[PDB]
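1. coordinates for the following, if possible.
(one chain, ligands or ions: 3)
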Amino acid sequence: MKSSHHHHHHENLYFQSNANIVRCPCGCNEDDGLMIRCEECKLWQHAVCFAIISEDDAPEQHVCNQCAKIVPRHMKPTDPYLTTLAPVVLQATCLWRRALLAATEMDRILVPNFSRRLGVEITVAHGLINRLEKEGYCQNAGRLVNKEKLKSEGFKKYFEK
Ligand code: NI
Ligand SMILES: [Zn+2]
Ligand SMILES: [Zn+2]
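-> Residues are numbered from 1 along each chain as shown. Ligands and ions are numbered 1, 2, ... in the order given. The structure is reproduced below:
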């Protein structure tokens, strides 16, 4: 068959519609890893963009960043931090989170491969990789990924609540 996101509200149901797009503050509109569907707008986001890196840590009611300013109070935004960020900062922060999770699947990072992996321009990928280097999550030079430091210190610094 074909692989793409969809929803089973009960175990004997299947719903898919091209109207339920990916719409996430990272600006990437493709499925990639763990995806989560917003309770309010029924559109899809990358869990990692909302600092969710384990399907057991994901909320049962996900409220995306667009919806955070319009749902009643009892529906908490999944990542309140994002609501405080300026738009260009917001996109850069979610992309950084995607980059951190993506780097954990690579032994070495090469700029064209990395740009394609994340769907970004080369100059953006250079910016990300130079940041990974300063943090110590990859080496200076491709660039060997320091997987242990990334998964331990890096996830603590950027994802742990
Ligand atoms: Ni399914
Ligand atoms: Zn995203
Ligand atoms: Zn929403």
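2. quick one: stretch 54-73 near ligand 2?
-> No. Using C-beta under 5 Å from the ion, stretch 54-73 never reaches ligand 2; the gap is at least 9.9 Å. Where C-beta positions appear, they are placed from N, C-alpha and C, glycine not excepted.
3. name the surrounding residues that touch that stretch.
-> For stretch 54-73, contacts defined as C-beta atoms under 8 Å, 6 or more residues apart in numbering pick out 23-25, 34, 36-41, 43, 45, 47, 50, 52, 75-80, 82-83, 90.
4. the helices in the protein, which residues?
-> 65-68, 80-83, 87-103, 111-118, 122-135, 147-149, 155-158 (DSSP state H).
5. and this protein, which residues reach ligand 2?
-> 24, 26, 46, 49.
6. could you single out the nearest of those to ligand 3?
-> Each of those was scored against ligand 3 by C-beta to the ion, and residue 24 proved nearest at 10.0 Å.
7. what residues go with each domain of this structure?
-> 1-81, 85-161 (automatic domain parsing).
8. how far out from the middle of the chain is the longest one?
-> Think domain 1-81. Chain-centre distance of domain 1-81: 11 Å, with C-alpha atoms, centre = their mean, to the nearest Å.
9. what about that domain, start to end distance?
-> Taking C-alpha to C-alpha, to the nearest Å as the measure, domain 1-81 stretches 39 Å from start to finish.
10. is it anywhere near ligand 3?
-> Yes. Domain 1-81 lies within reach of ligand 3 by C-beta under 5 Å from the ion, at 38, 40, 41, 64, 67.
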